[PDB]
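One structure below.
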Amino acid sequence: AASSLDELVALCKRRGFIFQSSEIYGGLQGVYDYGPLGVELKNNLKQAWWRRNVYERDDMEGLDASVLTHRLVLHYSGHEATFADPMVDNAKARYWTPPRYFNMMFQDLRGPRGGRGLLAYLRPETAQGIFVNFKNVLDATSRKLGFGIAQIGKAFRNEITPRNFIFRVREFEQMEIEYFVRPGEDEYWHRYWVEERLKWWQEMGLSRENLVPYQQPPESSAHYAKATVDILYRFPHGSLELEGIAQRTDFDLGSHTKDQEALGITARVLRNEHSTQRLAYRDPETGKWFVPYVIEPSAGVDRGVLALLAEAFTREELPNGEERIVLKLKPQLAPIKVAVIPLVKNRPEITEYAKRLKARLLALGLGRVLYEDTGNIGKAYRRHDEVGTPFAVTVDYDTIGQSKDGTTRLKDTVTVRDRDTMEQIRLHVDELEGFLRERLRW
Ligand SMILES: Nc1ncnc2c1ncn2[C@@H]1O[C@H](COP(=O)([O-])OC(=O)C[NH3+])[C@@H](O)[C@H]1O
């Protein structure tokens, strides 16, 4: 584990993981930019989640709706209502500083002028994009009930207060699922998904010891959610929310469908005077139109990253030197898998061999390979553990052929230094393939 968020924040900048957004002009607090190594890690997390919840499954369809949301969507979603109370602050008390309707959803206008007619919010959550497209998806796929639609996407929130690095921010991405289910089964499903999502975060690298499901109680059970379970993580600042396996119940489709009344809505949904379409399902064997309940697993992509980094940032002491900080990311999720390093930057015959090898290895398809050509190998080696790349293959003279001893047997064999054990095997190129194949493969 990583001792203090500070370190994390500092490694993140010093290595190009996360940079402060708009830093040169003062920075837009609450919004960050993912530098080079950040992107990679971030994408890999996104990818693996997609593989898991979509490719490997057989009851999920994917989606990717837009950030701009038509004013009504967020209205019937109830999101509007949450800020229709102005706050007339005062000296020692609260809701006299002027009436501030403290809306958390960002706001923008559609062309021409700032009229209430052409208003649109930036989706505070990806979720809505799925509910409104429910029929559309159902039509094009023609899915039978035990099934859900899932997307990764941007989400903007005017967070009055952004706190703790890349945790609570104003702009972030979420990986959301909306498991549509027959009314009765909701209980199981909710259980199933919580267990699943916890199972996942573990294979991703988060130790079970730090993961904790927590039944939000009535007080905290937000409107749509009939129940909800968070999976908190023991971050370096605390045991906070990581993913939230909720259990809204036909409320979403209910607040968004035509004929709410005719439809047996069980949720206290607004009178939807708008929807152009009946967002409901039709036949189990009878032909009873009904509105599906949903289990919704929402993860924060950015926090998933905070977790993974916090969890992996270890700073062991060297049994010789002082100490080293070592990101020990699940190899398969490291920004770089293998980093090929030329021993002397001079010898062009060496470097060429190096650049050449990088190719051969990238080809295995175990992940990104890097031709690190930066100065001091001691420096290269370190840089790497700091960014947690699993294997550092280094090429010296002997590899190419030359040597002092006049030996060419060392040729085509390279030294592969392992991150965690810092152990240095010296294996022949052809073996290097098989070797990595065993480790970096999922
Ligand atoms: N400002 C923010 N920054 C980062 N992640 C955030 C966030 N606000 C919410 N999340 C993520 O959204 C997840 C779900 O909580 P939520 O309050 O976003 O609810 C919903 O998205 C309901 N669909 C959390 O587990 C968290 O990872």
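Quick note on naming: the chains in the structure tokens go A, B, ... in the order shown, residues restart at 1 in each chain, and ligands are numbered from 1 in order of appearance.
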
Selection near residue A:44, 9 Å with only C-alpha atoms, sequence-local residues under 6 positions removed, as a ChimeraX atom specification: /A:332-335

All residues having an atom within 9 Å of ligand 1 (only C-alpha atoms and all ligand atoms) as a count of residues only: 44

Backbone DSSP call of helix (DSSP H, G or I) for stretch 247-406 of chain A, listed as JSON, numbers by chain: {"A": [251, 252, 253, 254, 255, 256, 301, 302, 303, 304, 305, 306, 307, 308, 309, 310, 311, 312, 331, 332, 333, 348, 349, 350, 351, 352, 353, 354, 355, 356, 357, 358, 359, 360, 361, 362, 363, 364, 377, 378, 379, 380, 381, 382, 383, 384, 385, 386, 397, 398, 399, 400]}

Exercise: residue A:251 partners within 7 Å, only C-alpha atoms, chain neighbours under 2 positions left out, as a PyMOL selection string: chain A and resi 224+248-249+253-255+267+269

Could you write those residues out with N, CA and C atoms, as a PDB file, in the first residue's frame?
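Writing the result to again18.pdb gives the following:
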```pdb
ATOM      1  N   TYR A 224     -34.182   7.062  -6.496  1.00  0.00           N
ATOM      2  CA  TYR A 224     -34.345   5.971  -7.437  1.00  0.00           C
ATOM      3  C   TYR A 224     -34.034   4.622  -6.829  1.00  0.00           C
ATOM      4  N   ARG A 248     -32.023   0.471  -8.310  1.00  0.00           N
ATOM      5  CA  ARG A 248     -33.153   1.346  -8.654  1.00  0.00           C
ATOM      6  C   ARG A 248     -34.221   0.330  -9.065  1.00  0.00           C
ATOM      7  N   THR A 249     -35.491   0.698  -9.105  1.00  0.00           N
ATOM      8  CA  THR A 249     -36.471  -0.316  -9.476  1.00  0.00           C
ATOM      9  C   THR A 249     -37.514   0.165 -10.381  1.00  0.00           C
ATOM     10  N   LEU A 253     -36.919   3.599 -16.031  1.00  0.00           N
ATOM     11  CA  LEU A 253     -37.739   3.384 -17.206  1.00  0.00           C
ATOM     12  C   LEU A 253     -39.120   3.994 -16.944  1.00  0.00           C
ATOM     13  N   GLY A 254     -39.582   3.910 -15.690  1.00  0.00           N
ATOM     14  CA  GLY A 254     -40.865   4.478 -15.293  1.00  0.00           C
ATOM     15  C   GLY A 254     -40.967   5.992 -15.467  1.00  0.00           C
ATOM     16  N   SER A 255     -39.948   6.740 -15.068  1.00  0.00           N
ATOM     17  CA  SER A 255     -39.990   8.181 -15.225  1.00  0.00           C
ATOM     18  C   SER A 255     -39.826   8.602 -16.674  1.00  0.00           C
ATOM     19  N   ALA A 267     -42.974   2.275  -8.911  1.00  0.00           N
ATOM     20  CA  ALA A 267     -42.166   3.375  -8.375  1.00  0.00           C
ATOM     21  C   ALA A 267     -42.851   4.725  -8.429  1.00  0.00           C
ATOM     22  N   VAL A 269     -42.992   7.599  -9.664  1.00  0.00           N
ATOM     23  CA  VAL A 269     -42.469   8.273 -10.842  1.00  0.00           C
ATOM     24  C   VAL A 269     -43.327   9.480 -11.230  1.00  0.00           C
TER      25      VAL A 269
END
```

Point-to-point distance in Å for atom CA of residue A:192 and atom CA of residue A:213: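 Computed distance, atom CA of residue A:213 to atom CA of residue A:192, equals 13.0 Å.
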
Nearby residues (only C-alpha atoms) at most 7 Å from residue A:68, same-chain spacing under 3 positions excluded, as a list in words: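 These residues fall inside the cut-off: residues 120, 121, 122 and 123 of chain A.
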
Which of A:408, A:389, A:136, A:210 sits closest to residue A:40 [using only C-alpha atoms]: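 Closest to residue A:40 of all the choices is A:389.
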
Nearest to residue A:69 by atom-to-atom distance, counting only C-alpha atoms, from A:109, A:240, A:359, A:291: A:109

Atom pair atom CA of residue A:15 / atom CA of residue A:353: separation (Å):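 Atom-to-atom, atom CA of residue A:15 to atom CA of residue A:353, that is 27.0 Å.
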
Shortest interatomic distance to residue A:52 - which of A:376, A:430, A:197, A:410, counting only C-alpha atoms: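 Among the listed residues, the smallest separation from residue A:52 belongs to A:197.
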
For stretch 79-94 of chain A: contacts at 10 Å, only C-alpha atoms, fewer than 3 positions along chain excluded, given as a PyMOL selection string: chain A and resi 71-76+97-105+121+123-124

Non-local contacts of residue A:110 (8 Å; only C-alpha atoms; under 3 positions in same chain excluded) as JSON, numbers by chain: {"A": [113, 114, 118, 119, 120]}

Once you have the residues from the selection above, write them out as an mmCIF file, in the first residue's frame, restricted to N, CA, C and O atoms.
```cif
data_model
loop_
_atom_site.group_PDB
_atom_site.id
_atom_site.type_symbol
_atom_site.label_atom_id
_atom_site.label_comp_id
_atom_site.auth_asym_id
_atom_site.auth_seq_id
_atom_site.Cartn_x
_atom_site.Cartn_y
_atom_site.Cartn_z
ATOM 1 N N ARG A 113 -28.897 31.829 -28.878
ATOM 2 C CA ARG A 113 -28.811 32.598 -27.632
ATOM 3 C C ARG A 113 -29.111 31.773 -26.399
ATOM 4 O O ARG A 113 -29.679 30.685 -26.508
ATOM 5 N N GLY A 114 -28.793 32.338 -25.232
ATOM 6 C CA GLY A 114 -29.040 31.667 -23.969
ATOM 7 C C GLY A 114 -30.498 31.595 -23.530
ATOM 8 O O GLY A 114 -30.864 32.174 -22.500
ATOM 9 N N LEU A 118 -33.297 26.475 -25.601
ATOM 10 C CA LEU A 118 -32.147 25.685 -26.025
ATOM 11 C C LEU A 118 -31.118 25.522 -24.916
ATOM 12 O O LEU A 118 -30.018 26.053 -24.959
ATOM 13 N N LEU A 119 -31.505 24.745 -23.928
ATOM 14 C CA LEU A 119 -30.696 24.471 -22.773
ATOM 15 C C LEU A 119 -30.378 22.978 -22.794
ATOM 16 O O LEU A 119 -31.167 22.163 -23.286
ATOM 17 N N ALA A 120 -29.240 22.604 -22.233
ATOM 18 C CA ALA A 120 -28.849 21.200 -22.180
ATOM 19 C C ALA A 120 -27.825 21.012 -21.082
ATOM 20 O O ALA A 120 -26.970 21.864 -20.828
#
```

Of the listed residues A:67, A:403, A:281, A:187, that which approaches residue A:106 most closely, counting only C-alpha atoms: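 So, comparing all the options, the nearest one is A:67.
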
d(atom CA of residue A:257, atom CA of residue A:274) in Å: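 Result for atom CA of residue A:257 versus atom CA of residue A:274: 8.1 Å, one decimal.
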
Distance criterion (only C-alpha atoms): nearest to residue A:42 out of A:326, A:305, A:295, A:1: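 Looking only at the distances to residue A:42, the closest residue turns out to be A:305.
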
Which residue of A:14, A:324, A:315, A:379 approaches residue A:343 most closely, using only C-alpha atoms: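 Going through A:14, A:324, A:315, A:379 one by one, the smallest distance to residue A:343 is for A:379.
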
Nearby residues (only C-alpha atoms) at most 9 Å from residue A:135, same-chain spacing under 5 positions excluded, as a ChimeraX atom specification: /A:140,277-281

In stretch 159-219 of chain A, DSSP strand (DSSP E) residues written as a ChimeraX atom specification: /A:171-181,211-215

Once you have the residues from the selection above, write them out as a CSV table (one decimal), in the first residue's frame, restricted to C-alpha atoms.
```csv
chain,number,residue,atom,x,y,z
A,171,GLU,CA,-15.1,15.8,-14.7
A,172,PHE,CA,-14.7,12.0,-14.7
A,173,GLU,CA,-15.7,8.8,-16.4
A,174,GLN,CA,-17.8,6.0,-15.1
A,175,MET,CA,-18.2,2.4,-16.2
A,176,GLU,CA,-22.0,1.8,-15.7
A,177,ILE,CA,-24.2,-1.3,-16.2
A,178,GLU,CA,-28.0,-1.3,-16.1
A,179,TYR,CA,-29.1,-5.0,-15.7
A,180,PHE,CA,-32.7,-5.0,-16.7
A,181,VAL,CA,-34.7,-7.7,-14.8
A,211,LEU,CA,-12.4,-4.0,-0.1
A,212,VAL,CA,-15.6,-3.6,1.9
A,213,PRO,CA,-19.2,-3.9,0.8
A,214,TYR,CA,-21.4,-1.6,2.8
A,215,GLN,CA,-25.2,-1.6,2.8
```
